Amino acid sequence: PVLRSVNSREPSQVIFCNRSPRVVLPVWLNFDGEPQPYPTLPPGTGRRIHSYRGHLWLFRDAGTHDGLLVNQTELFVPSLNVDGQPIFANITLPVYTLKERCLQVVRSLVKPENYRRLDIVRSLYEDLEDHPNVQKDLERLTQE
(Lines of atoms letter the chains of each structure in order from A and count residues from 1; the text may use other names and numbers.)
(Lines give C-alpha, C1' and ligand atoms only; values in the text may rest on other atoms or scores of the structure.)
Protein backbone atom coordinates (compact mmCIF):
# COMPACT_ATOMS: atom_id res chain seq x y z
CA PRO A 1 0.00 0.00 0.00
CA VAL A 2 1.35 3.42 -0.99
CA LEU A 3 -0.58 5.22 1.77
CA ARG A 4 0.43 3.78 5.15
CA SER A 5 2.27 4.65 8.34
CA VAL A 6 5.98 3.91 8.64
CA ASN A 7 6.69 1.66 11.68
CA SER A 8 9.36 4.06 12.92
CA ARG A 9 8.54 3.68 16.65
CA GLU A 10 10.11 7.17 17.00
CA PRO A 11 7.89 9.31 19.26
CA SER A 12 6.80 12.68 17.82
CA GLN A 13 4.57 14.93 19.90
CA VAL A 14 1.83 16.61 17.85
CA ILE A 15 -0.95 19.15 18.43
CA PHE A 16 -4.40 18.42 16.93
CA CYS A 17 -6.31 21.75 16.80
CA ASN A 18 -9.92 21.70 15.58
CA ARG A 19 -10.45 25.02 13.79
CA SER A 20 -13.67 23.76 12.19
CA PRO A 21 -17.31 24.07 13.32
CA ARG A 22 -17.56 20.26 13.07
CA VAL A 23 -16.71 17.44 15.46
CA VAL A 24 -13.43 16.08 14.11
CA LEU A 25 -12.60 12.40 13.93
CA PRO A 26 -8.80 11.96 13.54
CA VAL A 27 -8.21 8.86 11.39
CA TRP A 28 -4.85 7.08 11.52
CA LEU A 29 -3.79 5.04 8.50
CA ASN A 30 -2.06 2.01 10.01
CA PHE A 31 0.98 0.03 8.69
CA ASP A 32 -1.29 -1.99 6.38
CA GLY A 33 -2.93 1.29 5.28
CA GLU A 34 -6.29 0.58 6.95
CA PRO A 35 -8.00 3.65 8.46
CA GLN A 36 -8.26 3.61 12.25
CA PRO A 37 -10.71 5.85 14.18
CA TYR A 38 -9.29 7.86 17.11
CA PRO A 39 -11.01 10.02 19.83
CA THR A 40 -13.15 12.94 18.52
CA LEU A 41 -12.32 16.64 19.07
CA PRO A 42 -15.24 19.14 19.78
CA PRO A 43 -15.17 22.40 17.78
CA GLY A 44 -12.48 24.78 19.10
CA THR A 45 -10.57 22.21 21.18
CA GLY A 46 -6.86 21.44 21.06
CA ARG A 47 -5.07 18.33 22.26
CA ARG A 48 -1.36 17.39 22.38
CA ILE A 49 -1.53 13.81 21.07
CA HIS A 50 1.53 11.52 21.06
CA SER A 51 2.17 9.99 17.60
CA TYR A 52 5.30 8.76 15.79
CA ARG A 53 7.46 9.96 12.86
CA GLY A 54 6.32 8.96 9.42
CA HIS A 55 2.80 8.29 10.72
CA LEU A 56 -0.04 9.10 8.34
CA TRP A 57 -3.15 10.86 9.62
CA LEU A 58 -6.30 12.27 8.01
CA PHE A 59 -9.27 14.06 9.58
CA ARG A 60 -13.03 13.95 8.92
CA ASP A 61 -16.32 15.22 10.30
CA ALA A 62 -17.21 12.60 12.89
CA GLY A 63 -20.94 12.29 12.13
CA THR A 64 -21.15 12.66 8.35
CA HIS A 65 -17.55 11.66 7.49
CA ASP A 66 -17.24 14.81 5.37
CA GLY A 67 -13.62 15.51 4.48
CA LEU A 68 -11.55 18.07 6.37
CA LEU A 69 -8.21 19.72 5.73
CA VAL A 70 -5.03 19.74 7.86
CA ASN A 71 -2.30 22.38 7.29
CA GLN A 72 -3.77 23.28 3.82
CA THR A 73 -3.61 19.61 2.60
CA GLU A 74 -5.59 16.37 2.94
CA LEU A 75 -3.07 14.29 4.90
CA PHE A 76 -0.58 15.00 7.69
CA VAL A 77 2.76 13.27 8.44
CA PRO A 78 4.44 14.32 11.74
CA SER A 79 7.84 15.82 10.80
CA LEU A 80 11.17 15.34 12.67
CA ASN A 81 10.37 16.84 16.15
CA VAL A 82 12.90 19.67 16.74
CA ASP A 83 14.23 20.70 20.20
CA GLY A 84 11.08 19.22 21.77
CA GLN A 85 8.69 21.65 20.08
CA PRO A 86 5.42 20.01 19.03
CA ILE A 87 4.43 19.75 15.37
CA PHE A 88 1.16 21.65 14.89
CA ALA A 89 -1.77 20.24 12.88
CA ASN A 90 -4.50 22.83 12.13
CA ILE A 91 -7.71 20.93 11.21
CA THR A 92 -9.89 23.25 9.06
CA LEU A 93 -12.95 23.16 6.76
CA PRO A 94 -12.04 23.00 2.99
CA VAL A 95 -13.78 25.26 0.45
CA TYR A 96 -16.33 22.61 -0.56
CA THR A 97 -18.05 22.91 -3.92
CA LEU A 98 -21.44 24.58 -3.59
CA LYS A 99 -23.11 21.37 -4.80
CA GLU A 100 -21.36 19.28 -2.14
CA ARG A 101 -22.26 21.81 0.57
CA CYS A 102 -25.90 21.61 -0.51
CA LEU A 103 -25.74 17.80 -0.47
CA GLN A 104 -24.35 18.05 3.08
CA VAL A 105 -27.26 20.27 4.13
CA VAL A 106 -29.92 18.10 2.46
CA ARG A 107 -28.41 14.94 3.95
CA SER A 108 -28.84 16.33 7.47
CA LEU A 109 -32.42 17.50 6.95
CA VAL A 110 -33.64 14.38 5.10
CA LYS A 111 -33.33 10.83 6.36
CA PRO A 112 -31.79 8.60 3.66
CA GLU A 113 -35.04 6.77 2.88
CA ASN A 114 -36.81 10.00 1.84
CA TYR A 115 -34.17 11.23 -0.63
CA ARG A 116 -36.33 9.90 -3.50
CA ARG A 117 -39.32 11.93 -2.25
CA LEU A 118 -37.48 15.22 -2.87
CA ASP A 119 -38.38 17.23 -5.98
CA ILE A 120 -34.94 17.06 -7.57
CA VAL A 121 -33.63 15.50 -10.81
CA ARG A 122 -32.79 11.76 -10.41
CA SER A 123 -29.06 12.43 -10.99
CA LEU A 124 -29.15 14.45 -7.73
CA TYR A 125 -30.62 11.47 -5.82
CA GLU A 126 -27.62 9.34 -6.82
CA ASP A 127 -25.41 12.17 -5.57
CA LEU A 128 -27.31 12.36 -2.29
CA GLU A 129 -26.88 8.62 -1.76
CA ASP A 130 -23.13 8.78 -2.58
CA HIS A 131 -22.06 9.41 1.04
CA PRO A 132 -18.50 10.49 1.99
CA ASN A 133 -16.19 7.42 2.31
CA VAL A 134 -12.63 7.55 3.75
CA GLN A 135 -11.56 4.49 1.68
CA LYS A 136 -12.86 6.02 -1.59
CA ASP A 137 -10.92 9.22 -0.93
CA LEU A 138 -7.83 7.13 -0.14
CA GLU A 139 -7.80 5.58 -3.63
CA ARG A 140 -7.93 9.06 -5.19
CA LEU A 141 -5.09 10.21 -2.95
CA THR A 142 -2.90 7.23 -3.87
CA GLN A 143 -3.41 8.11 -7.53
CA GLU A 144 -2.12 11.62 -6.82
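Sequential numbering from 1, following the sequence displayed.
> According to the deposited model, is the average Cα temperature factor higher in 30 to 38 or in 63 to 71?
The recorded data point to 30 to 38.
> Mean C-alpha B-factor higher for 111 to 119, or for 97 to 105?
Looking at the recorded C-alpha B-factors, 111 to 119 comes out higher on average.
> Could you tell me which third, lowest, middle or highest, the C-alpha B-factor of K136 occupies within its chain?
As the PDB entry reports it, the C-alpha B-factor of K136 lands in the middle third of its chain.
> Lowest, middle or highest third: where is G84 by Cα B-factor in its chain?
Tercile = highest for this residue's CA B-factor.
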